[PDB]
Amino acid sequence: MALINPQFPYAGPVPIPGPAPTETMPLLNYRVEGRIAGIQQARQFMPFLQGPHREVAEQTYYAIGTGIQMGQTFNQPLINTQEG
Amino acid sequence: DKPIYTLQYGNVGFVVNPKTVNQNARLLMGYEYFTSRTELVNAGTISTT
């Protein structure tokens with residue numbers, strides 16, 4: 001967006017020496033076929049386990065029984081003959 | 001009044017910060033606690049024939 005100087009104008013570009021025209025043109029680089037080499041193993045001996053863990057520990061229980069329940073020799077009360 | 005029951009292992013600890021320690025120095029801890037591993041369903045009787 002330059003302003004044209006009317007007192008000192010200039011013309012378009014003139015030819016100048018050039019950079020040997022084939023040396024600015026590249027070759028198209030020619031890929032050969034390739035292979036991810038080797039026979040891959042199916043599994044890996046991992047350093048960490050792959051499953052979930054638990055944040056807190058919960059107390060577990062198992063039921064037990066008591067035993068054969070016996071009789072008893074109670075201390076027996078007195079007879080309510082109007083004193084009680 | 002507030003018993004320690006802490007649901008992970010090292011969550012509550014007891015600290016001693018000593019200032020002079022001899023060779024065969026140790027702490028002899030003694031605890032007192034409640035625990036429960038079993039459940040206690042009701043029992044059986046005889047009923048002699």
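Quick note: the coordinates plus some simple rules give every number you see, no bench work behind them. Don't worry about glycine lacking a Cβ; one is built from the backbone with ideal geometry, like all the others, and counts go over all protein chains shown.
Filtering B:9, B:31 for residues that are within 30 Å of residue A:66 (Cβ to Cβ), of a type in the set (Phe, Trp, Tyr) and surrounded by fewer than 10 Cβ atoms within 10 Å (Cβ to Cβ) leaves a single hit, B:31. Does residue B:42 meet the test of being over 20 Å from the mean Cα position of the chain (by Cα) and assigned to a loop (DSSP other than H, G, I, E, B)? Considered against the rule, which asks whether it is over 20 Å from the mean Cα position of the chain (by Cα) and assigned to a loop (DSSP other than H, G, I, E, B), residue B:42 comes out as yes. When each of A:59, A:50 is tested for being more than 9 Å from chain B (Cβ to nearest Cβ) and either in a loop (DSSP other than H, G, I, E, B) or among the charged types (D, E, K, R) (or both), the lone residue that passes is A:50.
Selection within the stretch B:13-49: residues that are β-branched (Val, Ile, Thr) and over 27 Å from residue A:62 (Cβ atoms). The member of this set that is nearest to the other protein chains (Cβ to nearest Cβ) is B:48.
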